[PDB]
Trainee: 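Take this structure first; my questions come after.
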Amino acid sequence: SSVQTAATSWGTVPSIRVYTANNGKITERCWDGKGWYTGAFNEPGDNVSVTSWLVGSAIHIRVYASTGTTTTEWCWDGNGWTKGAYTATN
Ligand SMILES: OC[C@@]1(O)OC[C@@H](O)[C@@H](O)[C@@H]1O
Ligand SMILES: OC[C@@]1(O)OC[C@@H](O)[C@@H](O)[C@@H]1O
């Protein structure tokens, strides 16, 4: 039905990342001050949340993608999206 989004931002320009879960696929749109464009993130999920932090000038992003009761963490640390160590509790 209705897509579900999550958003994060950093800096002062700023940079913004908006993740949209649509029909089981999460994609990413990006802003760094000069126009929206499509990001590299593509992962399965019906629900999405996100957080990010800076270490100096380097952004680190964590996206939590959920299907059913399984949540997978995806990490951006400058070098492509890698699977994180996040696991659920009992
Ligand atoms: O410069 C765009 C980009 O590299 O920014 C960091 C992450 O949002 C990536 O998915 C995205 O493609
Ligand atoms: O560098 C990746 C990592 O260690 O970053 C911190 C947390 O997001 C962890 O789950 C994740 O595996």
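Excluded from the calculations below are hydrogen atoms, water molecules and symmetry mates; all remaining heavy atoms, backbone and side chain alike, are included. We count residues from 1, following the sequence as given. Atoms within a ligand are numbered from 1 in the order they appear, just like the ligands themselves.
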Trainee: At less than 4.0 angstrom from any non-hydrogen atom of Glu73, what atoms of ligand 2 do you find?
Mentor: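 In order of number, 7 (C), 8 (O), 9 (C), 10 (O), 11 (C).
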
Trainee: Please determine if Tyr64 has a nitrogen or oxygen closer than 3.5 Å to a nitrogen or oxygen of ligand 2.
Mentor: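 No, no N or O pair falls under 3.5 Å.
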
Trainee: To the nearest 0.5 angstrom, please state how far the NZ atom of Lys83 sits from the OG1 atom of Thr72.
Mentor: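 If I round to the nearest 0.5 Å, the distance is 5.5 Å.
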
Trainee: Does any N or O atom in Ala85 lie less than 3.5 angstrom from one in ligand 2, N or O only?
Mentor: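 Indeed, backbone or side chain, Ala85 has an N or O that close.
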
Trainee: Under the criterion side chain to side chain contact (heavy atoms under 4.5 Å, CB included), I'd like the reasoning laid out for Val48 against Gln4: C-alpha separation, chi angles, the key distance, then a yes or no.
Mentor: CA-CA 7 Å; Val48 63; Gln4 183 264 331; 3.2 Å; yes

Trainee: If the cut-off is 4.0 Å to any non-hydrogen atom of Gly84, which atoms of ligand 2 fall inside it?
Mentor: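 Checking each atom against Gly84, I get 12 (O).
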
Trainee: Side chains of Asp32 and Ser15: is there a donor and an acceptor less than 3.5 Å apart?
Mentor: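 A pair is found: one side chain offers a donor N or O, the other an acceptor, under 3.5 Å apart.
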
Trainee: Anything under 30° is parallel, anything over 60° is perpendicular, the rest tilted; go ahead and classify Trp76 against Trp81.
Mentor: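 Tilted: the ring planes of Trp76 and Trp81 meet at 30° to 60°.
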
Trainee: Give every pair formed by an N or O atom of ligand 1 and a protein N or O atom closer than 3.5 Å, one pair per line with both atom names and the distance to 0.1 Å, or write none.
Mentor:
{"from": "ligand 1", "atom 1": "1 (O)", "to": "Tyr37", "atom 2": "OH", "distance (Å)": "3.2"}
{"from": "ligand 1", "atom 1": "5 (O)", "to": "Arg17", "atom 2": "NH2", "distance (Å)": "3.0"}
{"from": "ligand 1", "atom 1": "8 (O)", "to": "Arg17", "atom 2": "NE", "distance (Å)": "2.8"}
{"from": "ligand 1", "atom 1": "8 (O)", "to": "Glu28", "atom 2": "OE2", "distance (Å)": "2.6"}
{"from": "ligand 1", "atom 1": "10 (O)", "to": "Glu28", "atom 2": "OE1", "distance (Å)": "2.6"}
{"from": "ligand 1", "atom 1": "10 (O)", "to": "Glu28", "atom 2": "OE2", "distance (Å)": "3.4"}
{"from": "ligand 1", "atom 1": "10 (O)", "to": "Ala40", "atom 2": "N", "distance (Å)": "3.4"}
{"from": "ligand 1", "atom 1": "10 (O)", "to": "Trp81", "atom 2": "NE1", "distance (Å)": "2.8"}
{"from": "ligand 1", "atom 1": "12 (O)", "to": "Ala40", "atom 2": "N", "distance (Å)": "3.0"}

Trainee: Looking at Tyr86, which atoms of ligand 2 are within less than 4.0 Å of one of its heavy atoms?
Mentor: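 Taking each heavy atom of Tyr86 in turn, ligand 2 has 10 (O) under 4.0 Å.
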
Trainee: Measure the OG1-CD distance between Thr38 and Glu28 for me, rounded to the nearest 0.5 Å.
Mentor: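 These two atoms lie 9.0 Å from each other.
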
Trainee: Can you find an N/O atom of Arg62 closer than 3.5 Å to an N/O atom of ligand 2?
Mentor: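 Looking only at distances, the answer is yes, because the N/O contact criterion of under 3.5 Å is met.
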
Trainee: Which pairs, with at least one residue in residues 44-58 and sequence neighbours excluded, count as a side-chain hydrogen bond (donor to acceptor under 3.5 Å, both in side chains)?
Mentor: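 Sorted pair list: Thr8-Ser52.
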
Trainee: Quick check: do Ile16 and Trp36 have side-chain heavy atoms less than 4.5 Å from each other?
Mentor: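 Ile16 vs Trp36: side chains touch.
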
Trainee: I need the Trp10 CH2 to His60 NE2 distance, nearest 0.5 Å.
Mentor: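 Here the interatomic distance stands at 11.0 Å.
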
Trainee: Looking at side-chain heavy atoms only, is the closest gap between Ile26 and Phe41 below 4.5 Å?
Mentor: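 Yes; the side chains approach each other to less than 4.5 Å.
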
Trainee: Relative to ligand 2, is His60 under 4.0 angstrom through side chain, backbone, both or neither, heavy atoms considered?
Mentor: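 For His60, there is no contact with ligand 2 at all, from either part.
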
